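Reading through the structure tokens given below for one structure.
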Amino acid sequence: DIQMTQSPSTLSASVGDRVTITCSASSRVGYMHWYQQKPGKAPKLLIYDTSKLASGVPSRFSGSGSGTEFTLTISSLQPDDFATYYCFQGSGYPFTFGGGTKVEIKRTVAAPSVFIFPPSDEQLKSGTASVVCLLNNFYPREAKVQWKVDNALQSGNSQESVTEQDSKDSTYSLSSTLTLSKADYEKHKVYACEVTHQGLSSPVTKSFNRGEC
Amino acid sequence: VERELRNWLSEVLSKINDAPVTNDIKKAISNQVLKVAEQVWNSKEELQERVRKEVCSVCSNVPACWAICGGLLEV
Amino acid sequence: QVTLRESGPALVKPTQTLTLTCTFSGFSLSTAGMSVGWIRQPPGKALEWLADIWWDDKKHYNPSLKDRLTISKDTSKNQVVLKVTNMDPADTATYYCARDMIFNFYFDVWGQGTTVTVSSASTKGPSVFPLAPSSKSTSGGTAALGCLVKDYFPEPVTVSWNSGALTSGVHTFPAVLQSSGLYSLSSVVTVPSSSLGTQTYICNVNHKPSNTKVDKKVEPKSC
């Protein structure tokens, strides 16, 4: 039909670097448009026709190409350019997008702030207890969190979730929620979150006791 | 005069969509018709050949395209 | 100002029929050269164009959904309706309607999007719980607090803080899928410790599928 491959599929680059994403079609196509999509938001028109900036797009964005090869380029990468960029074609039905290109910001290492949240009393009133360990503003996103209840290791009963990269900070945030029954939870005292990260000299442990407060 | 030229505009655009040409050619001719109908804001029988030759310049090389374009503007 | 807004169900059982309504303002589908298209996006997948309608009632559909798509336009009500039939569980996605023109042949102004989930299960509203600024456990020179939104289905929930007054330092984590088969996310915010008692904090959780709306005051623990 009319279908396009973007490359690279993903890419890491420091703030300020020139970055170029190539959308290559399978037919001679008149124009090639470009959309930028932030996480969990609607796509935004970035480059219309082939080289024209849509309203508000900063001058760092340029678009070029012809025939069956097109490129989107950012002159100096900004921390707010974390997004997925899709090329789009409208010269032949059916309209098709490119596969997509995720642009991540390479950053100097940063260590996390480790906080911990005992279960709310309302959740305890419902027979379940959730202990939320929070790692805040760190880089890279690779980080090993481990749960230790009364100094006994834990598996099976927890899940992580990591935010998108910070638009100003290019950092990350992670939450490891550990879930138990009010029964199991009240069978134990100290609850500890141990984090190992690239930015810490050696692993951190934030913990609490059940009765305190 | 706004009503008059806007009637002409809508007519020719509808005729453009029905044409047997790719969406690129439709796009080009449509933007040309827009420019001509909004630069009326900004040799009295040849206008039918001036407008015709301006909006259909987008075809340029290909004679085929000039054909369908002029046909759009005759009716 | 051009503005589109999608509307439709959050849940359809498999083999049912999905009816999506795009409601737009700022332009009309009677004026020439206009168009409205439907683009969907499956989770963790690229975008995918579905359909488009034009002022002269011309219609195009993606061949991939052959026979299952029917788009219709009502210029009187400023609405477009896509109807997709025989809903599969792989057609679970966020559905956008966007504006198009014959001069552009691209979508410039998009709606905010509506997420539809194809499943047998019933809707479930979430439980929202305070992640209280723990006395000693979330403080350095600043202090963190939050809300835990647990055990809901289907996606999505929207979480704001002080009805949008507090926007900075807010980290609303993506929803994870638990063993329960239900989603759960937390939304934390970092503030200065100097403002814990002085300033009140409430989080606004909204689950459109279950029509749940909660506002929970996150207050500190005093030990």
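Cβ placement follows ideal geometry from the backbone for every residue including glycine, while neighbour counts extend to all protein chains displayed. Each value in this text was obtained by applying a stated rule to the coordinates, not by laboratory testing.
Just a few scattered comments:
- Averaged over peptide C:123-133, the number of partner chain Cβ atoms lying within 10 Å of each residue's Cβ comes to 4.
- Centroid-to-centroid, using Cα positions, the stretch C:1-20 and the stretch A:41-65 are 29 Å apart.
- Distance from the stretch B:1-23 to the stretch C:69-109 (C-alpha centre basis), Å: 24 Å
- Its convex hull of Cα atoms gives the stretch A:154-205 a direction-averaged projected area, equal to a quarter of the hull surface, of 5.0 nm².
- When the convex hull of its Cα atoms is projected in every direction, mean area for chain B (nm²): 5.2 nm²
- Sites matching GluC sites (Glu not before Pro) across the stretch A:67-173 that sit in DSSP coil, with at most 15 neighbouring C-beta atoms within 10 Å: A:142
- Violating pairs (Cα-Cα greater than 31 angstrom) within the set A:168/C:83; C:136/C:217; C:45/C:77; A:38/C:216; A:144/A:168: A:168/C:83; C:45/C:77
- Mean-position separation - Cα centroids, the stretch B:37-75 and the stretch A:1-29, in angstrom: 38 Å
- DSSP loop trypsin sites (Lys or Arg not before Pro) with at most 15 other Cβ within 10 Å: longest gap in chain C: C:137-223
- Listed peptides C:162-168, C:187-193 by packing density, highest first (mean Cβ within 10 Å): C:187-193, C:162-168
- Computed over the Cα atoms of the protein assembly as shown, the ratio of the radius of gyration to the Kirkwood radius (Rg/Rh) comes to 1.06.
- Within the stretch A:110-180: Cβ-based charge dipole about Cα centre, in debye rounded to nearest 20 (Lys, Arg +1; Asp, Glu -1): 120 debye
- Under a Gaussian network description of chain A, with springs only between Cα atoms under 10 Å, the residue in A:44, A:125, A:182 that fluctuates furthest is A:125.
- Computed from the alpha carbon positions, the gyration tensor of the stretch A:57-213 leads to an equivalent ellipsoid with semi-axes of 44, 19, 12 Å, biggest first.
- Dipole magnitude of the protein assembly as shown, debye to nearest 20 (Cβ charges: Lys/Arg +1, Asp/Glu -1, about Cα centre): 840 debye
- At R0 = 60 Å, FRET efficiency that the Cβ-Cβ distance of residue A:14 and residue B:45 yields, to 0.05: 0.40
- Alpha carbon Rg of chain C, scaled by the compact-globule rule 2.2 N^0.38 Å: 1.24
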